[PDB]
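Note sheet for the following structure.
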Amino acid sequence: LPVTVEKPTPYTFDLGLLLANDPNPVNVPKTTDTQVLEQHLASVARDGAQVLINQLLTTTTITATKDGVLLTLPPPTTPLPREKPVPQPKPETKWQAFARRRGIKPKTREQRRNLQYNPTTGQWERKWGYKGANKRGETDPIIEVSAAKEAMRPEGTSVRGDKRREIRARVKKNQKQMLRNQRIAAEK
Amino acid sequence: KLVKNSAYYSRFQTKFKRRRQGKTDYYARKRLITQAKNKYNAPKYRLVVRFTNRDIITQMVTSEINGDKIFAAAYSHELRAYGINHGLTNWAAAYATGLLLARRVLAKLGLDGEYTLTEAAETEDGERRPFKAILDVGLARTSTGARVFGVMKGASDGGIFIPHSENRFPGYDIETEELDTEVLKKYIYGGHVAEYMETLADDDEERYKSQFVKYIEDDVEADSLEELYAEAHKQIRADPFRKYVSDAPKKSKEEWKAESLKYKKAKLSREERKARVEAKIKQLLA
Amino acid sequence: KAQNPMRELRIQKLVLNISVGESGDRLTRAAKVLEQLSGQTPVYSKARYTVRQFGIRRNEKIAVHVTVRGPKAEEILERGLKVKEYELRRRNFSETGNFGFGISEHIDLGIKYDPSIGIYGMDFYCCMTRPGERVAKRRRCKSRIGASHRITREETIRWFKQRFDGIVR
Amino acid sequence: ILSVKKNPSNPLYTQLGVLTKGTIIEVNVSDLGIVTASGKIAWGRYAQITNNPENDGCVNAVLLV
Amino acid sequence: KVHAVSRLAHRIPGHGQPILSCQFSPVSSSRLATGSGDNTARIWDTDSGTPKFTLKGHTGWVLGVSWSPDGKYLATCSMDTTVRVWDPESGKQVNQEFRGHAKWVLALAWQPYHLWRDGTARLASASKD
Amino acid sequence: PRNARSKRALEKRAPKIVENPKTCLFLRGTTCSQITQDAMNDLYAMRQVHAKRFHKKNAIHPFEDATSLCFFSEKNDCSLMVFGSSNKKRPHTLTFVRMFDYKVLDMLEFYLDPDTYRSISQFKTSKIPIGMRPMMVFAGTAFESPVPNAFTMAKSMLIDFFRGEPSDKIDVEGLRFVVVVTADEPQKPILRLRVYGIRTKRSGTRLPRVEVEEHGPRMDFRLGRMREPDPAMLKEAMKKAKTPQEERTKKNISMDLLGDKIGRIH
RNA sequence: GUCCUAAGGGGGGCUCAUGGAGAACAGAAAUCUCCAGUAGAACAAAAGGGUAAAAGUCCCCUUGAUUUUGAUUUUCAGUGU
RNA sequence: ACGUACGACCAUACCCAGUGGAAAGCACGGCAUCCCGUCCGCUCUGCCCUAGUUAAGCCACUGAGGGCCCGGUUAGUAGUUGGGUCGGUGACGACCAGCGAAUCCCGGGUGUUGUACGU
């Protein structure tokens with residue numbers, strides 16, 4: 001018994017999706033006999049599966065690894081629609097446009113690290129974040145206070161929250177700028 | 001107010017049947033069966049380990065769409081064929097059950113006409129790959145010295161590739177990150193149970209007799225457990241498919257069908273239900 | 001079927017509670033009282049919500065309790081009923097079969113007075129169960145205790161009568 | 001020498017590739033025969049220069065292991 | 001047909017010093033002998049990956065282990081100028097240690113089983129002297 | 001997206017150069033026959049890993065309004081939908097609906113033949129493991145029509161349904177189930193969906209002999225109502241993104257077998 | 001105005017708001033015990049079907065605060081490792 | 001047919017109560033040396049499978065009250081698109097069609113099923 005079939009029009013294959021297209025007509029018998037109908041359908045299915053396994057075992061590279069015997073498949077060729085549009089570059093923000101105009105180069109990853117060496121303590125510390133350098137002295141035992149600055153200081157406030165106040169102001173300004181950028185990008 | 005009203009019963013959404021029965025952790029099951037590092041379309045096997053009061057159940061399971069399939073199964077009550085009649089739920093019996101399942105899997109695979117596509121596409125530089133499966137403990141707590149790891153240790157010694165570490169074996173020391181293989185050997189050959197028998201025979205004779213009445217009745221001393229378990233391992237590795245018959249009553253399948261149908265209570269039909277409804281209506285009228 | 005040995009009433013757990021309501025030295029002394037009375041380390045309980053009237057805040061340790069099982073629970077319950085002269089009220093018993101009471105001083109129970117500690121009162125709560133309560137507590141195949149297996153108020157009162165020889169009013 | 005990873009004094013010195021004391025460089029360790037846990041061959045590692053090449057005429061380094 | 005080993009079966013600790021020699025039993029792979037620099041040799045049951053015996057008595061690094069061709073004896077040669085013969089099924093030393101080498105004993109060679117005569121076995125030990 | 005988990009969900013639902021495997025939502029209308037529910041169960045069993053199922057009744061007519069379908073695509077991140085319906089004109093209908101950018105790309109109705117439908121449980125054979133992608137065979141003359149029609153779009157939707165996950169390698173043991181769709185040009189032609197298991201037998205030759213055994217389900221459809229995509233949306237869906245690992249060929253620049261960049265002079 | 005071995009990740013255990021019945025102070029509201037509790041709590045988003053041996057809440061480990069390589073994609077580079 | 005272990009549908013399976021259960025298996029159970037974990041060996045973990053017991057879990061049957069699931073009817077009907085095609089200057093009134101409900105009502109039901117090992 002053979003393992004190769006003969007048809008007037010040859011099969012076409014897409015081994016990326018494990019797909020076989022048989023353009024020959026399926027001569028379905030014009031009867032109501034279910035078992036011979038399913039026999040003919042199973043014969044067509046058997047022919048398609050046979051030629052598909054033959055193509056996989058012949059035109060694909062076979063590699064035996066510890067996982068098992070693998071066939072290397074080509075990338076798929078049958079066109080199928082995407083579920084989402086192809087991503088596009090985001091619209092340039094105000095800073096990105098200004099840097100492109102002024103030739104401002106992006107900072108390197110080593111340069112933008114959250115780490116610096118404090119000489120006076122002789123230790124390594126963070127510039128920002130938890131226990132960062134931007135909040136230096138909020139937990140210090142003794143803080144020098146200027147007399148004029150303390151006189152101009154409002155009642156109830158202390159020197160220990162001035163750095164947090166400046167951080168809140170800078171965060172508010174950065175947040176307003178990024179909200180403006182998001183609104184402009186939404187309009188665009 | 002009544003919380004269990006018509007709105008509550010209509011809005012109520014039942015869980016899965018096995019979750020209601022408290023037998024399946026579906027959150028862990030989904031990651032066990034539908035998650036793979038590689039997408040090579042390969043079948044996956046799991047060693048399912050379960051424990052009862054009197055038995056240990058070990059199965060080799062694949063997951064299909066209409067229900068799971070059992071490739072091979074081993075039970076702790078089958079160790080009576082290999083000479084173990086007492087302590088069928090201890091850690092050594094867990095090891096023996098896992099070893100028996102591993103040997104049965106290898107014997108079924110032939111690693112101890114129709115043919116495979118692997119043999120069809122095998123190349124010249126091809127070697128035999130070990131059989132691989134993942135451990136399924138279910139709802140059991142995976143602590144140090146648990147018997148699910150004894151089953152897994154027995155199967156891995158028997159020849160099934162189960163990916164695992166050694167920090168949950170009995171004898172592992174957590175601060176030194178080392179495993180005491182003397183304690184592991186003692187647990188494999190049942191030295192913990194033997195030490196328990198000696199300690200009870202020295203301290204509390206009555207508790208010794210009550211706990212090990214079957215051991216004294218069958219004349220199984222503490223010092224014979226190591227040689228007994230090694231001897232049982234030798235026959236497990238020799239003949240993994242040895243038939244064992246129990247002391248339960250033996251009948252054929254049709255005889256058991258008749259015996260259970262004799263004790264079935266039949267469901268009453270529509271005519272009987274209508275007759276009972278009419279009788280209840282007549283009783284209410286009278 | 002009520003004569004089955006598996007339906008025998010027994011003490012599941014006795015819970016000893018002291019709610020001082022204020023964190024600090026009083027709570028630590030109550031914890032030490034619980035430790036010396038039971039033999040095991042107690043449990044500190046935190047306040048769930050904020051109540052300005054009671055002077056408590058959220059996540060503040062205000063109470064302490066110990067759960068005791070076995071014959072030690074029976075001994076402590078015997079001491080408590082010796083304090084309460086084996087007399088209880090029908091209000092004390094619940095419909096779930098559990099009961100409880102409370103004492104005003106730990107000294108009369110059998111502990112010598114220490115001026116460094118002081119005087120503390122306690123709440124005793126006894127929970128009753130029949131054999132078969134593992135079904136509703138075990139991790140695998142947890143289910144519901146059957147209706148016939150549940151312990152009623154009359155059953156636990158009758159058990160209290162026949163066991164502690166007490167009176168209910 | 002494969003590359004200069006970090007000159008401790010200045011990123012400009014790191015970019016220019018200056019070999020001084022304390023400099024972290026990347027070295028080819030094929031001859032040392034280092035195999036990773038996965039079976040891969042480690043052929044590039046980090047070394048710290050422990051001498052002054054400008055005064056000594058040679059570069060001496062210690063592997064960071 | 002022998003299939004290629006592809007994975008770790010068992011990693012068994014127990015030796016306090018680097019292992020200098022290893023050899024399986026000729027009967028089967030279930031018994032393995034390792035002689036190490038901790039002045040000892042060890043017999044391992046490899047089916048369960050467990051130790052079985054610890055042969056002690058040498059005062060130097062056990063430079064060689066060698067099973068008898070019938071498998072009933074194990075010979076260990078060490079840096080203490082001695083060769084010891086052990087019963088592997090009991091872990092006990094047979095007779096006394098062999099004396100007469102001036103320096104380090106480096107290699108052992110059992111006589112083949114078909115050449116044994118006079119109701120005894122012969123063992124050749126090659127030494128640094 | 002304050003939390004890292006919500007950020008992970010947003011990044012997973014974000015558009016990508018290479019897309020995630022498409023998710024299929026199985027849902028039914030107010031009227032849905034038991035045959036249609038069994039067919040939906042069989043299709044879910046075929047596609048368990050990348051599907052979600054609704055369990056309530058939805059008063060939605062898909063060819064009249066699809067705003068609720070767009071909302072469900074937005075919420076569940078599902079790009080395929082199988083919608084069950086029943087009616088006097090159409091007794092058992094499966095509406096295959098494909099999205100693009102959370103809007104309806106195309107729609108196609110299948111009418112089930114009820115007297116010939118066989119469930120998976122009615123075949124007493126070994127079944128497909130969970131997570132295994134089956135191979136596909138499309139047979140007949142109805143799939144190579146020069147004009148895009150209902151049969152071509154049905155072929156595209158069935159390919160996208162039984163596509164599974166893409167893979168550059170496959171184990172030879174994962175070539176054991178085949179899904180065959182047969183349809184012929186012509187009164188209405190019948191699209192027949194069958195699933196078979198594959199047995200291999202020695203034939204005295206290196207190539208094995210393939211033998212089939214019926215796995216189920218057995219489905220017969222008549223193609224029904226038809227919603228073609230918008231042209232611009234169709235080109236936007238058929239745009240093929242380029243992987244960053246796919247290099248652009250430069251003139252007279254190549255890479256040799258050792259990885260050195262090589263220039264060509266003339 | 002204060003406090004934090006930071007967030008995050010992984011694994012394990014537990015079930016919430018509320019109602020009823022009880023327990024010296026304790027009395028609508030403190031704590032504890034049982035029963036019933038589709039989530040009616042909490043966490044995110046803005047469901048027309050989010051989450052219950054969890055996506056909630058407590059324990060253990062990491063906390064290393066933005067790793068390495070790339071002949072590949074985009075942009076840039078008179079300081080092109 | 002019954003039981004157990006993994007399961008597929010995920011209430012026809014859920015909420016409440018009563019009755020029965022041969023065989024075996026589950027399960028309740030007994031003891032805390034070792035492994036292990038808690039305030040508490042309650043849970044988890046280890047050891048025993050001997051002894052008690054079907055009381056509960058589990059299974060089957062029944063009973064109400066709910067809930068839930070099918071099929072017909074509603075009904076090709078309301079409603080919505082169409083001068084669509086006839087009159088009406090037009091708007092619209094019929095007719096022709098395409099899509100197409102739900103309430104009410106009637107009848108039935110209160111779980112099927114795969115693998116493996118046993119009774």
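Order determines the names: the first chain of the structure tokens is A, the second B, and so forth; residues in each chain are numbered 1 upward, and ligands are numbered 1 upward as they are shown.
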
Step one, run DSSP on the backbone; step two, keep only residues of stretch 36-265 of chain F assigned to alpha helix (DSSP H); then write them as a PyMOL selection string. chain F and resi 36-46+67-76+150-161+231-238

Could you write out the selected residues, including N, CA and C atoms, as a compact mmCIF listing (two decimals), in the first residue's frame?
```txt
# COMPACT_ATOMS: atom_id res chain seq x y z
N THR F 36 -27.08 24.59 19.38
CA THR F 36 -26.14 25.70 19.27
C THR F 36 -25.24 25.80 20.49
N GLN F 37 -25.80 25.57 21.69
CA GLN F 37 -24.99 25.59 22.90
C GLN F 37 -23.97 24.45 22.92
N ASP F 38 -24.37 23.27 22.42
CA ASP F 38 -23.43 22.16 22.32
C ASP F 38 -22.33 22.45 21.31
N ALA F 39 -22.68 23.10 20.20
CA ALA F 39 -21.67 23.49 19.22
C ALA F 39 -20.69 24.51 19.79
N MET F 40 -21.20 25.47 20.56
CA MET F 40 -20.33 26.43 21.23
C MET F 40 -19.44 25.75 22.25
N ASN F 41 -19.97 24.75 22.96
CA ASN F 41 -19.15 24.00 23.91
C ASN F 41 -18.05 23.23 23.21
N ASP F 42 -18.35 22.64 22.05
CA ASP F 42 -17.34 21.92 21.28
C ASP F 42 -16.26 22.86 20.76
N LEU F 43 -16.65 24.04 20.28
CA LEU F 43 -15.66 25.00 19.80
C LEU F 43 -14.81 25.54 20.95
N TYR F 44 -15.42 25.74 22.13
CA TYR F 44 -14.64 26.15 23.29
C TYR F 44 -13.67 25.05 23.71
N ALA F 45 -14.09 23.79 23.61
CA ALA F 45 -13.20 22.68 23.92
C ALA F 45 -12.04 22.62 22.94
N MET F 46 -12.30 22.94 21.67
CA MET F 46 -11.23 23.08 20.69
C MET F 46 -10.29 24.24 21.03
N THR F 67 -22.67 47.78 18.76
CA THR F 67 -22.04 48.62 19.77
C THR F 67 -21.72 47.82 21.02
N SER F 68 -22.62 46.90 21.41
CA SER F 68 -22.36 46.05 22.56
C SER F 68 -21.23 45.07 22.28
N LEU F 69 -21.11 44.60 21.04
CA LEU F 69 -19.97 43.77 20.67
C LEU F 69 -18.66 44.54 20.75
N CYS F 70 -18.67 45.80 20.31
CA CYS F 70 -17.47 46.64 20.44
C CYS F 70 -17.13 46.88 21.91
N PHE F 71 -18.14 47.08 22.75
CA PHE F 71 -17.92 47.25 24.18
C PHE F 71 -17.34 45.99 24.81
N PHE F 72 -17.85 44.82 24.42
CA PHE F 72 -17.33 43.57 24.95
C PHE F 72 -15.90 43.32 24.48
N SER F 73 -15.58 43.68 23.24
CA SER F 73 -14.20 43.59 22.77
C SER F 73 -13.28 44.51 23.56
N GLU F 74 -13.74 45.74 23.83
CA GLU F 74 -12.99 46.68 24.66
C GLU F 74 -12.74 46.12 26.05
N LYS F 75 -13.75 45.51 26.66
CA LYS F 75 -13.62 45.08 28.05
C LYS F 75 -12.82 43.79 28.18
N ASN F 76 -13.07 42.81 27.31
CA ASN F 76 -12.48 41.48 27.45
C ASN F 76 -11.22 41.29 26.62
N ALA F 150 -17.98 34.82 0.65
CA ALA F 150 -18.31 34.28 1.96
C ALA F 150 -17.49 33.04 2.28
N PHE F 151 -17.23 32.19 1.28
CA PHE F 151 -16.41 31.00 1.52
C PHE F 151 -14.96 31.37 1.83
N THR F 152 -14.40 32.36 1.13
CA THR F 152 -13.04 32.81 1.41
C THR F 152 -12.94 33.41 2.81
N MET F 153 -13.93 34.21 3.20
CA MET F 153 -13.91 34.80 4.53
C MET F 153 -14.14 33.75 5.62
N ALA F 154 -14.96 32.73 5.32
CA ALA F 154 -15.13 31.61 6.24
C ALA F 154 -13.82 30.85 6.42
N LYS F 155 -13.08 30.65 5.33
CA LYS F 155 -11.76 30.03 5.42
C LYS F 155 -10.82 30.86 6.27
N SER F 156 -10.83 32.18 6.09
CA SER F 156 -9.96 33.05 6.87
C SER F 156 -10.31 33.01 8.35
N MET F 157 -11.60 33.03 8.67
CA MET F 157 -12.02 32.98 10.07
C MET F 157 -11.72 31.62 10.70
N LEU F 158 -11.86 30.53 9.95
CA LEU F 158 -11.53 29.22 10.51
C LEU F 158 -10.03 29.05 10.71
N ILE F 159 -9.22 29.60 9.80
CA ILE F 159 -7.77 29.61 9.99
C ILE F 159 -7.41 30.41 11.23
N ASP F 160 -8.02 31.58 11.40
CA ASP F 160 -7.72 32.41 12.57
C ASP F 160 -8.27 31.80 13.85
N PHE F 161 -9.28 30.94 13.75
CA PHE F 161 -9.84 30.30 14.94
C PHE F 161 -8.98 29.12 15.38
N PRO F 231 -12.92 49.05 3.27
CA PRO F 231 -11.63 48.98 2.57
C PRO F 231 -10.44 49.51 3.37
N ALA F 232 -10.54 50.74 3.90
CA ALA F 232 -9.43 51.32 4.64
C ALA F 232 -9.11 50.52 5.90
N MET F 233 -10.15 50.06 6.60
CA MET F 233 -9.95 49.18 7.75
C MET F 233 -9.31 47.86 7.32
N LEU F 234 -9.62 47.39 6.11
CA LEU F 234 -9.04 46.14 5.63
C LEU F 234 -7.55 46.30 5.36
N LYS F 235 -7.14 47.41 4.73
CA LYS F 235 -5.70 47.63 4.58
C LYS F 235 -5.01 47.86 5.92
N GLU F 236 -5.66 48.55 6.86
CA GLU F 236 -5.06 48.73 8.18
C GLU F 236 -4.92 47.41 8.93
N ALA F 237 -5.85 46.47 8.72
CA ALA F 237 -5.74 45.15 9.32
C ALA F 237 -4.73 44.26 8.61
N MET F 238 -4.55 44.43 7.30
CA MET F 238 -3.60 43.63 6.54
C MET F 238 -2.21 44.25 6.47
```

Chain G residues within 12 Å of chain D, counting only C-alpha atoms (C1' of nucleotides): which ones, as an MDAnalysis selection string? chainID G and resid 68:69 79:81

Residues within 7 Å of stretch 20-25 of chain H, only C-alpha atoms (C1' of nucleotides), excluding chain neighbours under 6 positions, as a ChimeraX atom specification: /B:248 /H:3-4,119

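The protein and nucleic acid residues lying at most 7 Å from stretch 128-136 of chain F are residues 18, 19 and 20 of chain A; 34, 41, 63, 64 and 65 of chain B; 49, 164, 177, 178, 179 and 180 of chain F, with only C-alpha atoms (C1' of nucleotides) considered and sequence neighbours fewer than 5 positions away removed.
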
Compute the set of chain B residues within 12 Å of chain G, using only C-alpha atoms (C1' of nucleotides), and express it as a ChimeraX atom specification. /B:1-4,7-15,19-20,22-28,138-143

List the spatial neighbours of residue C:66 as a PyMOL selection string - criterion: any atom at most 10 Å away, only C-alpha atoms (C1' of nucleotides), same-chain residues fewer than 4 positions off excluded. (chain C and resi 13-18+31+34-35+37-44+124) or (chain G and resi 32) or (chain H and resi 39-40)

Neighbour list for residue E:25 as JSON, numbers by chain, cut-off 7 Å, only C-alpha atoms (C1' of nucleotides), skip fewer than 5 positions in-chain: {"E": [31, 32, 67, 71]}

At a cut-off of 9 Å, list the chain A residues touching chain F, using only C-alpha atoms, as a PyMOL selection string. chain A and resi 1-4+16-27+34+41-54+57-58+67-76+79-87

Non-local contacts of residue A:161 (12 Å; only C-alpha atoms (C1' of nucleotides); under 2 positions in same chain excluded) as a list in words: residues 134, 135, 136, 137, 138, 139, 153, 156, 157, 158, 159, 163, 164, 165, 166, 167 and 168 of chain A; 1 and 2 of chain G

Two-atom distance - atom CA of residue A:127, atom CA of residue A:113 (Å):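 Value for the atom CA of residue A:127-atom CA of residue A:113 distance: 8.6 Å.
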
Restrict the distance test to only C-alpha atoms (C1' of nucleotides), flag each residue of chain C within 10 Å of chain G, and return the flagged residues as a ChimeraX atom specification. /C:13-22,45-57,62-66,91-105,120-128,139-140

With a cut-off of 12 Å and counting only C-alpha atoms, select all residues of chain A in contact with chain D and give the selection as a list in words.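 Those within range of chain D come out as residues 108, 110, 111 and 117 of chain A.
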
Could you write those residues out with N, CA, C and O atoms, as a PDB file, in the first residue's frame?
```
ATOM      1  N   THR A 108      22.980  59.358  29.239  1.00  0.00           N
ATOM      2  CA  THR A 108      23.295  57.939  29.271  1.00  0.00           C
ATOM      3  C   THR A 108      22.739  57.301  30.538  1.00  0.00           C
ATOM      4  O   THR A 108      22.456  57.977  31.534  1.00  0.00           O
ATOM      5  N   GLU A 110      24.259  55.317  32.581  1.00  0.00           N
ATOM      6  CA  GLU A 110      25.206  55.460  33.681  1.00  0.00           C
ATOM      7  C   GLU A 110      25.125  56.852  34.294  1.00  0.00           C
ATOM      8  O   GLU A 110      25.302  57.014  35.507  1.00  0.00           O
ATOM      9  N   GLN A 111      24.861  57.866  33.469  1.00  0.00           N
ATOM     10  CA  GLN A 111      24.746  59.232  33.966  1.00  0.00           C
ATOM     11  C   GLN A 111      23.459  59.461  34.744  1.00  0.00           C
ATOM     12  O   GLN A 111      23.455  60.254  35.693  1.00  0.00           O
ATOM     13  N   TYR A 117      28.183  59.687  45.170  1.00  0.00           N
ATOM     14  CA  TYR A 117      29.125  59.509  46.263  1.00  0.00           C
ATOM     15  C   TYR A 117      29.212  60.799  47.066  1.00  0.00           C
ATOM     16  O   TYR A 117      29.641  61.833  46.543  1.00  0.00           O
TER      17      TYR A 117
END
```

Could you please select, counting only C-alpha atoms, the residues of chain B within 7 Å of chain E and state them as a PyMOL selection string? chain B and resi 127-128+157+181+185

Return the single residue from H:38, H:80, H:110, H:53 that is closest to chain F, with distances computed using only C-alpha atoms (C1' of nucleotides).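 Answer, going by the shortest atom-to-atom distance: H:80.
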
Compile the residues of chain H that lie within 12 Å of chain F, evaluated using only C-alpha atoms (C1' of nucleotides), and express the compilation as a ChimeraX atom specification. /H:8-10,69-71,75-76,80-81,98-102,112-115

Strand (DSSP E) per DSSP on the backbone: members of chain A, as an NGL selection string: :A and (12-14 or 19-22 or 62-64 or 69-72 or 116-118 or 123-125)

Using only C-alpha atoms, which residues of chain B come within 10 Å of chain F, and what is the closest atom pair for each, with the distance in Å to one decimal? Give it as JSON lines, sorted by chain and residue number.
```
{"residue": "B:30", "atom": "CA", "partner": "F:49", "partner_atom": "CA", "distance": 9.3}
{"residue": "B:33", "atom": "CA", "partner": "F:130", "partner_atom": "CA", "distance": 7.4}
{"residue": "B:34", "atom": "CA", "partner": "F:131", "partner_atom": "CA", "distance": 6.1}
{"residue": "B:35", "atom": "CA", "partner": "F:131", "partner_atom": "CA", "distance": 8.6}
{"residue": "B:36", "atom": "CA", "partner": "F:131", "partner_atom": "CA", "distance": 9.4}
{"residue": "B:38", "atom": "CA", "partner": "F:167", "partner_atom": "CA", "distance": 9.0}
{"residue": "B:39", "atom": "CA", "partner": "F:167", "partner_atom": "CA", "distance": 6.2}
{"residue": "B:40", "atom": "CA", "partner": "F:170", "partner_atom": "CA", "distance": 4.1}
{"residue": "B:41", "atom": "CA", "partner": "F:174", "partner_atom": "CA", "distance": 5.0}
{"residue": "B:42", "atom": "CA", "partner": "F:174", "partner_atom": "CA", "distance": 5.4}
{"residue": "B:43", "atom": "CA", "partner": "F:129", "partner_atom": "CA", "distance": 7.1}
{"residue": "B:44", "atom": "CA", "partner": "F:129", "partner_atom": "CA", "distance": 8.6}
{"residue": "B:62", "atom": "CA", "partner": "F:129", "partner_atom": "CA", "distance": 7.4}
{"residue": "B:63", "atom": "CA", "partner": "F:129", "partner_atom": "CA", "distance": 5.7}
{"residue": "B:64", "atom": "CA", "partner": "F:129", "partner_atom": "CA", "distance": 4.0}
{"residue": "B:65", "atom": "CA", "partner": "F:130", "partner_atom": "CA", "distance": 5.6}
{"residue": "B:66", "atom": "CA", "partner": "F:127", "partner_atom": "CA", "distance": 7.0}
{"residue": "B:67", "atom": "CA", "partner": "F:127", "partner_atom": "CA", "distance": 8.8}
{"residue": "B:68", "atom": "CA", "partner": "F:129", "partner_atom": "CA", "distance": 8.9}
{"residue": "B:69", "atom": "CA", "partner": "F:126", "partner_atom": "CA", "distance": 9.1}
{"residue": "B:113", "atom": "CA", "partner": "F:201", "partner_atom": "CA", "distance": 5.5}
{"residue": "B:114", "atom": "CA", "partner": "F:201", "partner_atom": "CA", "distance": 4.2}
{"residue": "B:115", "atom": "CA", "partner": "F:201", "partner_atom": "CA", "distance": 5.8}
{"residue": "B:116", "atom": "CA", "partner": "F:200", "partner_atom": "CA", "distance": 6.6}
{"residue": "B:117", "atom": "CA", "partner": "F:172", "partner_atom": "CA", "distance": 5.9}
{"residue": "B:118", "atom": "CA", "partner": "F:172", "partner_atom": "CA", "distance": 5.9}
{"residue": "B:119", "atom": "CA", "partner": "F:172", "partner_atom": "CA", "distance": 9.5}
{"residue": "B:120", "atom": "CA", "partner": "F:206", "partner_atom": "CA", "distance": 6.6}
{"residue": "B:121", "atom": "CA", "partner": "F:172", "partner_atom": "CA", "distance": 7.7}
{"residue": "B:122", "atom": "CA", "partner": "F:172", "partner_atom": "CA", "distance": 9.8}
```
